[PDB]
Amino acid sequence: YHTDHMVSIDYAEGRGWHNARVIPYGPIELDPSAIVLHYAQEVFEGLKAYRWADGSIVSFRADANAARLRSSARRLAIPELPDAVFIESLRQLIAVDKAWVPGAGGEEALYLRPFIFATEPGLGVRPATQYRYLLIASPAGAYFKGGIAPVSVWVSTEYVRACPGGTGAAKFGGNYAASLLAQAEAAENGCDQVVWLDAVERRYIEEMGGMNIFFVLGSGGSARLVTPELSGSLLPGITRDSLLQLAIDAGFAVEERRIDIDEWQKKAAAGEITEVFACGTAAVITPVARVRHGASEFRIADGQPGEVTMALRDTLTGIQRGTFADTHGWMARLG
């Protein structure tokens, strides 16, 4: 379900990033020895364009995505795409394909996929000197259920997604490749998603396969938010950073610290952990109802979406839809 067009930009070592153009969406060509096809030298991003009540098309923290694509590129030995070029590509695609952006203002938006891959031929294991950047778009958010249906999660004990010193803080295809097998063991146990544990001690909660994770401890004015601190092997999600800000705004104490599977299980059983949710671009916030850790399955509270979870989701979606004021300057005009 792609849109009509795509943006293409080439990299060559003498020229840097050049030949930026908008062209029809269609097949691309690679030499059989193109580095991406052998040594996976690639990085990507994910963000949305939203249609507002007034007809404008907006982005949410697109500057953060621009900068994160550069951070990912750096870790993967890929020449950085300048932020201004990243942002301009978004505007260029929206200019031609804006009719594809869904109506205001519910769960529906246009998902934008900026991505870079090594195109240089040659089987030597080294950073490429030729790359391509593409920007493609896909409508998203239909049949969402208000984004509020709780999920069950499988704790991966046999597989490890990334490790300290590795590529887990980069949005890099290889992290996702590594996760595919565990994702199947999750389904076989009837689970919707996988929670990943740290590589060194195999205990500390990292993130889900495509989302960060938050815990709510206590309730009322006493309610606290805790999320795994940036370990160097989990993704610094933009939704995650936004929700830390909104929690501060709302007067909740927040903690970025290490939290292990034992604490989670123990504190959920004792009722100290009152809610758990996952967060990310696509779903915004997804409540977590139940957890399978080895043989044992445990429920979070009554398995229903939590009050803090749903309050934070209301606020963030409202800002993104232009129905709440944008205190932090997250929203920008794309078209």
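For every residue, the number given is its place in the sequence shown, counted from 1.
Out of 110-118 and 179-187, which one has CA B-factors that are higher on average in the deposited record? The entry gives the higher C-alpha B-factor average to 179-187.
Using only C-alpha atoms and the B-factors in the entry, which stretch averages higher, 144-152 or 157-165? Higher mean C-alpha B-factor in the PDB entry: 144-152.
Identify, among 89, 242, 72, 193, the residue whose C-alpha carries the highest B-factor in the deposited PDB entry. The record points to 193.
Looking at 172, 133, 264, 214, which one carries the largest C-alpha B-factor according to the PDB entry? Each of 172, 133, 264, 214 was compared by C-alpha B-factor; the highest is 264.
Sorting by Cα B-factor within the chain, modelled residues only, which third would residue 206 end up in: lowest, middle or highest? For residue 206, whose C-alpha B-factor we compare with every modelled residue in the chain, the answer is the lowest third.
Residue 31's Cα B-factor: lowest, middle or highest third of the chain? Within its chain, residue 31 is a middle-third residue by C-alpha B-factor, going by the deposited values.
Ranked C-alpha temperature factor of residue 15 among modelled chain residues, by third: Within its chain, residue 15 is a highest-third residue by C-alpha B-factor, going by the deposited values.
When the modelled residues of the chain are sorted by Cα temperature factor, does residue 316 land in the lowest, middle or highest third? Answer is lowest: the recorded C-alpha B-factor places it there.
Please say which third, lowest, middle or highest, residue 270 falls into when its CA temperature factor is compared across its chain. Residue 270: CA B-factor falls in the highest third of its chain.
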